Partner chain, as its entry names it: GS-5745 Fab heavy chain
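In the block that follows, a single chain appears as C-alpha cells, in the form solved without the partner chain.
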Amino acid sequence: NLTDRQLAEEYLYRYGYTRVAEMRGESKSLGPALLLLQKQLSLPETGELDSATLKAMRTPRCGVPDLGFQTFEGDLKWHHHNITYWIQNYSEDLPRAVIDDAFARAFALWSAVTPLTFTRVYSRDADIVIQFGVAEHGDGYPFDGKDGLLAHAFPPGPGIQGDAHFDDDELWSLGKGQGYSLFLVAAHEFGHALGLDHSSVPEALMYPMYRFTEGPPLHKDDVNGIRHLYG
C-alpha cells in the first residue's frame, strides 16, 4: 500500500537506477532515472511515470539488480566443465520429484548450448547450491513476501557465488492454474549462475520480468550471450 510514486522510488533504488542518476548529477527529480529504466527494459523513452512504466514496475520479476556496489571474487565465469548442484531444501508447494525434475529440465536447456555439463550431488561444496527462503534467509539480500521479486542468483565463483535462491512466500507450480513456473524462474536464475546479466530484449529468457510461456524458452539473445562467455 505504497503510493504509485513511492513504488517507483523504491523500484528505481532497488534495481540500481537511482545510483546511476546520482553519478550523472540528476537524482533531484524522477525523470532521468525513469529514462534509464525505459531504455534498460525496452519501454518507450518518455522520462515520465506513465501507464507502461507503472505496469512494468508492478510486474513480478528477478531480484538481481539491472545496473550494478556488491564486489564478487574472480572474473565471473566457471573455469571447469562439470558444474555440480545441490538441492539443499524443498518448498512444500510441490512433490520433491517434481521440484528435482523442474531443476534438471532447467539445466538441460543450458547444457545443449554450452560446453558445460550439470550433475546433481548431495554435498555443501556443490558449485550451485539451491535454496528456498523467506525474508532474511542468511545472505543479507532479504526477500519481500508475496509477489514483487521471485528469486535471485549470484555469478560464478566460490562459496555463495553461483548459488540460486527462490522466494518461498511465492506459490511455486509449473505456471499453470495458480503460481509461478519453478522451471522458467530456475532457467532464468541458472543463467546468472553461469555468468549472464539481464537482457533488454522482452522475449529473451534473461529479460528480468516473469513471463509464462508453454513454448521453448531460449531465444537467440540468450544463446549468443552464452557463446560470448564460453569458448
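Residue numbers count along the first chain shown, from 1.
The form deposited with the partner chain bound exists for this protein as well; it is not shown, and the discussion that follows is about that form.
Listed stretches are 125-133, 145-153, 108-116, 75-83; the contact stretch with the partner chain in the entry with it bound is 125-133, by a heavy atom cutoff of 4.5 Å. Every residue in the set 141, 159 and 163 has a non-hydrogen atom no more than 4.5 Å from the partner chain in the entry with it bound.
The shortest heavy atom separation between residue 178 and the partner chain in the entry with it bound exceeds 4.5 Å. Contact annotation: residue 70 falls within 4.5 Å of the partner chain in the entry with it bound, judged by heavy atom distances.
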